[PDB]
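Each of two forms of one protein chain follows alone as structure tokens, named structure 1 and structure 2.
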Structure 1
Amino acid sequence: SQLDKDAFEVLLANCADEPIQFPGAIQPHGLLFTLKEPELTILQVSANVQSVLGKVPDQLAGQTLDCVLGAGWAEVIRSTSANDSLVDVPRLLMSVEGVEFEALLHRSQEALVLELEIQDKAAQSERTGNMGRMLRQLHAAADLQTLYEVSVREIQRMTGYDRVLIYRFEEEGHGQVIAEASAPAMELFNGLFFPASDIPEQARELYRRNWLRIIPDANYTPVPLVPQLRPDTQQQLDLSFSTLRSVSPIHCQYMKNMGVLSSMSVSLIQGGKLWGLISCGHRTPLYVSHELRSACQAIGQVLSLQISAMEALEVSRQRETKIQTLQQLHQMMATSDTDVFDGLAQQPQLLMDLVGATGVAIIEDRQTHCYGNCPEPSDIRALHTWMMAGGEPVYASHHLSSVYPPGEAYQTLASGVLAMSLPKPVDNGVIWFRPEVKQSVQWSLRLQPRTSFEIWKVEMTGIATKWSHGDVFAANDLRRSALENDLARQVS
């Protein structure tokens, strides 16, 4: 297939801007109808409505719903879609010409989109008691890491998927597999970083708007929507809220290279932001019923509330020590020292732990104290002059080479710097050094996880962890603390 392979590479070149909200096709495990709200007129029908119910879709567009499903089910749809906002709709079931259908409904641009998901008898009390077990296990978690492990364990026990991973999204948009629960004889993926380019902006927005994303078969033929454009608005149908939505061929190829054919992702949303994802993968095609969809949907909602709760508690817990460390340091700031900055040199370990760093360097006059893993003293000496040329009290930068061109000589040692200085003319100040993030990541050919790691290792060169608000508050508070005793010596 030279023609197909050549056309495929066109999509690979332009993947960050491809419209995935309007694929024009749906996955084959169901039908999609567009209905006008008053009259339930057929505007767009799927192309698999000929292999199911045996209705030719060419002339099936433009008639009423009762002609394709029966008068009774058409009236049922009339009743359930009569000004209900389609937020709380019970489980509907239909049986047209001997096939089992589940009805889902939503509204997209003054049009009723109705999905008829096929339920197979082969796929078809304990779940009610299971939910309590899971909630108690999640409540019993003390640390965030233990919460991740128990969550992946429980979700794999429920779904039976061969792999379950939890991805966290960092401050720069990159992803990190923090938890993993996989079947035996399968590749391990913990501690793997993929770039933000792997999940485009449209995919991120759809994940933020949709709690569940199900791909029951990677090797699937997309079913076109007939007609391709909506007759009412002369535009393509917005499938952003539909479960039967076509998957991009790039992601299907990526999943096939990962050895998975069935995927099930639960979005994790905190404060309206995508904190991460729960990705479930299976080697063989798998179909998830409604009884398992709602249980996994409840997992993401419970986990998001629990993760948000335990993240803020750790935020407060970490910076209570910052206040204690700041108050503790403020005492040695006036203990038998001609210079204020000579006091913190006695406890270098307490200085680094205040903000979080690997090396600190105290500068005074023509003398530099090098503590911890820090650059050469001639490098720190040269760094200080340019770094206090702007006159800022505390200067923070997690990408030194972006603004300091000679800063690439010590990317491994010091890529993030925190400043502090005083308006007195004599050379002074302390410098914190934060190392590259790549050095703390250890993980064991076009679209593969081993290739996304290489792209992350190139896109995240010379970038340290971003200085937290508490980290810049601790430096700002210590500067005012160092200014108080330094300016008190002005009297004497």
Structure 2
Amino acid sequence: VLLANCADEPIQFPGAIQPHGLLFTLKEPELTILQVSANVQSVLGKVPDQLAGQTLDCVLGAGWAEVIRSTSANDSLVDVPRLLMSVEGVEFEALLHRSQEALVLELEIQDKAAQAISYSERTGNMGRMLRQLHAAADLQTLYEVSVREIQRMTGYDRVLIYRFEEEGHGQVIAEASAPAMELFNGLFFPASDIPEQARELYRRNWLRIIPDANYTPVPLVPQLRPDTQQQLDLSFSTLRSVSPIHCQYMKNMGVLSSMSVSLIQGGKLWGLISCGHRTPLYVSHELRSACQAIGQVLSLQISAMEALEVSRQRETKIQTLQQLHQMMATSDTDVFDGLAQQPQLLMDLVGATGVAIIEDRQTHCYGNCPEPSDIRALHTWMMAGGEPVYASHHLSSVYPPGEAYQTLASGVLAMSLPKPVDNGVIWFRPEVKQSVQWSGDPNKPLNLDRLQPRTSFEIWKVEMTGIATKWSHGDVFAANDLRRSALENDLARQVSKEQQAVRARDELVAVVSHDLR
């Protein structure tokens, strides 16, 4: 309840924009201003209250307004080129999109430092960087070169690859930090850092930048758009004010600038390319788009190399799978009995230290095996789910009665044939004591007060018990292939046995005729 309040704020409708830019939501045909950020009282010296129901020619000039009108006319606003303007002597980069039948235009203010930065030198290493990405033979080298290039172009002190887990919390796997700067490599972070609302927003918007954490938000006047009397939806607006709790969180970490690129794999937020600077500094949108493209290439290569690793595991298990299939096919006994004829091969097929083969009230145990009654209770629990195969690296997390034998069997890989007879094969992996590193208190994710982010950011050890070694993709693949081979061989055996009985029946028909003479 109170924890769930972390995921209830309407971040999509903040009503304010960051001071590093200007916002203009306008009517499409005549480019009449619907709302304008209050920052125009300082920038360009225009009163935002009178700038209602007025064309862009009043403030932005005739030529630039005509250029914007030409660009936005009969265009999907997905391939708009660069737009740099000098408006009363201050330069803006213009980005255009549409929220609800209205044209939202953001002018990112380019400072002198941004002007000094050029797109040529920082993207000079583009082709070689992609060559390095394709030439990397390890995931760690991939991460290293990616964060190295991203730090090279951005210039930020710390760059992190923060991969999300299923439950919401994430882990940092790549780190590139400046000297005399705190390291977060390998640290886990609570799921409360990025709420569900933030993940949902970032699944669509793949680029966020916060140049400063001490900024005072500049409200949008009029607050309600005079078209539907609602709040402007700044979901895809780079000029969106962030929640003050996040600003306090960044201040507590000690960083004053952030820049994150969403990594998307199959429409899901796989991770974030987080960045951190000890001092405020702004990054131009062109460099942000280049970093976004680097992130998309990174996601593509991650998927490619994950498939490559899965295929490598399949290849290294093909020989053992073939040997086991040949042993099962030419056993003339029950399928699981012939499988159990060679226990060591079955063990090394999955790399587990315990094997339990169940066949209709007989259980055979090899290696480190629990009490047979406990395994029977577990198996009768496992068939309730109905899944053909099951892999669990933490049985006690999902199976409450698994705490008694967590020292012997903390990882369970089970596969069963689709027949009424209770049969199956279970592989048990023992618990490994792992001291998971967390950034702060795992049992106190949030300082409950308005919510306040935790000040402490030190590394905490958590000796997580009852968790065994992760089952690899090749492991479950081998389990499924063994299940498929058992399915095929068992079907062959039953059809042949019926045929032999049928042939014996035909032989018996010959015998009955012989028994009649």
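Numbers given to residues start at 1 and step along the sequence of structure 1. What we label the rigid core is the largest C-alpha set whose atoms superpose within 1.5 Å from one form to the other.
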Worksheet, complete the sentence: The mover among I118, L105, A409, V76 between the two structures, judged by a CA shift of 2 Å or more on the rigid core, is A409
Item to complete: For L305, decide whether the Cα shift between the two structures is 2 Å or greater, given a superposition on the rigid core.
Response: no
Discussion item. Please determine whether the C-alpha atom of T465 is displaced by 2 Å or more between the two structures following superposition on the rigid core.
Written reply: yes
Worksheet item: On a core-based superposition, does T41 travel 2 Å or more at its Cα between the two structures?
Response: no
Discussion item. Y148: how large is its C-alpha shift between the two structures, with the rigid core as the superposition reference, in Å?
Written reply: 1.9
Item to complete: Taking the rigid core as fixed, quantify in angstrom how much the C-alpha of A196 shifts between the two structures.
Response: 2.1
Item to complete: Could you check how much the CA of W386 shifts between the two structures after a rigid core fit, in angstrom?
Response: 7.3
